[PDB]
Amino acid sequence: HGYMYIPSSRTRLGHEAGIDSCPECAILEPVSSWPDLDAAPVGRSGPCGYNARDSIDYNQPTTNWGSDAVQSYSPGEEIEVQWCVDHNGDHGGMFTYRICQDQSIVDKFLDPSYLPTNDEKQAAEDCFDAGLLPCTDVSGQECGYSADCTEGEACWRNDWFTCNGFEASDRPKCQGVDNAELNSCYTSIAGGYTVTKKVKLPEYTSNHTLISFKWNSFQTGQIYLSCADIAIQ
Ligand SMILES: *[C@@H]1O[C@H](CO)[C@@H](O)[C@H](O)[C@H]1NC(C)=O
Ligand SMILES: [Cl-]
Ligand SMILES: [Zn+2]
Ligand SMILES: [Zn+2]
Ligand SMILES: [Zn+2]
Ligand SMILES: [Zn+2]
Ligand SMILES: [Zn+2]
Ligand SMILES: [Zn+2]
Ligand SMILES: [Zn+2]
Ligand SMILES: [Zn+2]
Ligand SMILES: [Zn+2]
Ligand SMILES: [Zn+2]
Ligand SMILES: [Zn+2]
Ligand SMILES: [Zn+2]
């Protein structure tokens with residue numbers, strides 16, 4: 001149970017605008033989330049997520065999200081990205097942020113009068129996967145491997161970020177990465193914990209594009225997707 005928090009995702013704005021009772025509830029399931037991180041089709045969730053609870057498709061803008069960039073950054077700029085995991089839904093696993101560098105695909109997700117098809121959502125996923133923002137692109141950022149994976153397996157990569165293991169120190173799972181206080185960010189079910197990293201933005205410019213957050217659960221056959229509207233100029 002989780003969603004992207006910084007920069008403010010469509011999921012965050014959705015909650016803050018009164019529309020989304022459970023921002024953390026945008027789940028893709030059932031899927032094989034593990035150990036092949038990119039195998040599972042995104043179906044209806046797409047790169048921005050679909051919230052079954054409130055029946056919100058975030059892949060399309062409304063009056064409350066997706067109208068314009070929430071934040072503007074510079075090409076190649078190193079930025080803070082944060083997601084929020086629920087106290088009762090810390091599934092461990094691995095997460096990544098991506099930018100699709102094909103504007104004609106992303107445009108289909110910036111029009112309030114158009115809902116992208118399942119075909120377009122998958123095309124975008126594929127584009128986003130080409131535009132993954134590796135942990136290791138930020139100099140000085142320590143990029144560990146998953147305690148729930150072994151060398152050679154499809155999950156054994158450190159372009160993606162990893163949560164801590166379950167049986168780990170006294171900093172387990174995704175909460176353990178920041179080891180922040182409860183309610184360091186908002187979730188509706190049991191209160192939230194921040195999970196904070198850095199990414200380096202591409203030398204790719206847009207007045208309006210997306211960062212798509214993807215969390216592949218270890219504990220569960222579930223994926224969590226959010227997107228944030230940004231500019232790189
Ligand atoms: C954004 O839009 C304005 C007006 O068209 C333009 O001057 C600016 O240079 C654009 N930057 C982009 C597309 O990155
Ligand atoms: Cl993926
Ligand atoms: Zn969950
Ligand atoms: Zn609130
Ligand atoms: Zn993918
Ligand atoms: Zn794969
Ligand atoms: Zn726009
Ligand atoms: Zn800046
Ligand atoms: Zn600039
Ligand atoms: Zn365009
Ligand atoms: Zn088609
Ligand atoms: Zn494909
Ligand atoms: Zn190191
Ligand atoms: Zn395994």
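Numbers here simply count residues along the sequence, with the first being 1.
- Side chains of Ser113 and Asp111: a donor on one and an acceptor on the other come within 3.5 Å.
- Side-chain atoms of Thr187 come within 3.5 Å of backbone atoms of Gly192 as a donor-acceptor pair (strictly under, hydrogens ignored).
- Under the 3.5 Å distance criterion, the side-chain polar atoms of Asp229 are left unmatched by any main-chain donor or acceptor of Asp68.
- Side chains of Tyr58 and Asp20: a donor-acceptor N/O pair is present below 3.5 angstrom, by distance only.
- When all heavy atoms of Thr162 and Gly93 are compared, the closest pair comes out as OG1-O, 3.4 Å.
- With hydrogens and angles disregarded, no donor-acceptor distance shorter than 3.5 Å links the side chain of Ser8 to the backbone of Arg12.
- Here the side chains of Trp34 and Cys149 are in contact, with some heavy-atom distance below 4.5 Å.
- A distance-only check finds no donor-acceptor pair linking the side chain of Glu203 to the backbone of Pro75 [under 3.5 Å].
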From CA spacing to verdict: side-chain contact (heavy atoms from CB on, under 4.5 Å), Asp137, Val199: CA-CA 7 Å; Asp137 267 14; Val199 292; over 6 Å; no
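- Look at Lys198 and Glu78 and you find no salt bridge, because none of the NZ, NE, NH1 or NH2 atoms lies under 4.0 Å from a carboxylate O.
- Both the sub-6.0 Å distance and the 45° axial angle are not jointly satisfied by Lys197 relative to the ring of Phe161.
- The distance from atom OG1 of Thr196 to atom CD1 of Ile6, rounded to the nearest 0.5 Å, is 6.5 Å.
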side-chain contact (heavy atoms from CB on, under 4.5 Å) assessment of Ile232 paired with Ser206: CA-CA 5 Å; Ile232 307 175; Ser206 183; 5.5 Å; no
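- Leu115 CG to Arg44 CZ: the interatomic distance, rounded to the nearest 0.5 Å, is 9.0 Å.
- For the residue pair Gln103 and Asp107, a side-chain donor N or O sits within less than 3.5 Å of a side-chain acceptor on the partner.
- In terms of hydrophobic clustering, with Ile, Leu, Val, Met, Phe, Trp and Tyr side chains grouped at heavy-atom distances under 4.5 Å, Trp160 and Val138 are assigned to different clusters.
- A distance-only check finds a donor-acceptor pair linking the side chain of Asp54 to the backbone of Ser21 [under 3.5 Å].
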side-chain contact (heavy atoms from CB on, under 4.5 Å) between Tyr224 and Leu28, intermediate numbers included: CA-CA 6 Å; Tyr224 294 83; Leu28 173 58; over 6 Å; no
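- With no hydrogens or angles considered, no side-chain donor-acceptor pair links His1 and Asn88 at under 3.5 Å.
- With hydrogens and angles left out, the side-chain atoms of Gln219 and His91 include a donor and acceptor closer than 3.5 Å.
- Listed here is the closest heavy atom pair of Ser146 and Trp156: O-CZ3, 3.8 Å.
- Linking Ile, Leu, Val, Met, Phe, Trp and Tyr residues whenever their side-chain heavy atoms come within less than 4.5 Å leaves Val70 and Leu110 in two separate clusters.
- Side-chain heavy atoms closer than 4.5 Å link hydrophobic residues (I, L, V, M, F, W, Y) into clusters, and following such links, even through other members, never connects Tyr3 to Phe109.
- At a threshold of 4.5 Å between non-hydrogen side-chain atoms, the residues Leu132 and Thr96 count as touching.
- With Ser33 contributing its side chain and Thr220 its backbone, the two residues share a donor-acceptor pair below 3.5 Å.
- The side-chain heavy atoms of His87 and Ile189, taken from C-beta on, include no pair separated by under 4.5 Å.
- No donor-acceptor pair under 3.5 Å is formed between the side chain of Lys214 and the backbone N or O of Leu225.
- Note that the OG atom of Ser9 and the CH2 atom of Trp65 stand 10.5 Å from one another [nearest 0.5 Å].
- Heavy-atom minimum distance, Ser212 versus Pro47: OG-O, 2.7 Å.
- Atom OG1 in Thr117 sits 8.0 Å away from atom NZ in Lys121 (nearest 0.5 Å).
- At least one donor-acceptor pair closer than 3.5 Å links the side chain of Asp86 to the backbone N or O of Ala190.
- Side-chain contact between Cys185 and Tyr5: present, with at least one pair of heavy atoms (C-beta onward) separated by less than 4.5 Å.
- For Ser72 and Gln233, the side-chain atoms include at least one donor-acceptor pair closer than 3.5 Å.
- Cluster annotation: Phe213 and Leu210 are assigned to distinct hydrophobic clusters (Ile/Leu/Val/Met/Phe/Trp/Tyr, side-chain heavy-atom contacts under 4.5 Å, transitive).
- Counting non-hydrogen atoms of neighbouring residues, nucleotides and ligands closer than 6.0 angstrom, the CD atom of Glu16 exceeds 12 such neighbours.
- Salt bridge annotation for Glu120-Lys108: present, with a cationic side-chain nitrogen under 4.0 angstrom from a carboxylate oxygen.
- Scanning both residues, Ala228 and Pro7, for their nearest heavy atoms gives CB-O, 3.8 Å.
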Verdict with reasoning, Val195 to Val177, per side-chain contact (heavy atoms from CB on, under 4.5 Å): CA-CA 6 Å; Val195 192; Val177 171; 4.1 Å; yes
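- Contact record, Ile105 with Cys127: CD1-CB, 4.0 Å, taken as the closest heavy-atom pair.
- Looking only at side-chain heavy atoms (C-beta outward), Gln122 and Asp126 come within less than 4.5 Å of each other.
- For the pair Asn59 (side chain) and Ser45 (backbone), a donor-acceptor distance under 3.5 Å is present.
- Between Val106 and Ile99, every side-chain heavy-atom pair lies at or beyond the 4.5 Å cut-off.
- Within 6.0 Å of CZ in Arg171 there are more than 12 heavy atoms belonging to other residues, nucleotides or ligands.
- Under a hydrophobic-cluster definition in which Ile, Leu, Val, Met, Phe, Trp and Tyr are linked whenever side-chain heavy atoms come within less than 4.5 Å, directly or via other members, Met4 and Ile79 are assigned to the same cluster.
- Put simply, the residue from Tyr97, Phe95, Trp83 that forms a ring pair (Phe, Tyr, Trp, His ring centres under 6.0 Å) with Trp215 is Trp83.
- Rounding to the nearest 0.5 Å gives a distance of 7.0 Å between OG1 of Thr63 and CD1 of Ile19.
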Pair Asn179-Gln175, side-chain hydrogen bond (donor to acceptor under 3.5 Å, both in side chains): steps then yes or no: CA-CA 6 Å; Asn179 198 24; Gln175 186 274 341; 3.3 Å; yes
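- The salt bridge (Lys or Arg N to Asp or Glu O under 4.0 Å) test applied to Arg98 returns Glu125, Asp129, not counting sequence neighbours.
- The closest side-chain heavy-atom distance from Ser188 to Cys22 is below 4.5 Å.
- Under the 4.5 Å side-chain criterion, counting only non-hydrogen atoms from C-beta, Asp36 is in contact with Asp38.
- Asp148 contributes atom CG, which lies 8.5 Å from atom SG of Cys155 (distance to the nearest 0.5 angstrom).
- Residues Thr136 and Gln141 bring no donor and acceptor atom of their side chains to less than 3.5 Å of each other.
- The 12-atom threshold is exceeded at CD of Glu80, counting heavy atoms of other residues, nucleotides or ligands nearer than 6.0 Å.
- Considering all non-hydrogen atoms of both residues, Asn51 and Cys25 come closest at OD1-CB, 3.7 Å.
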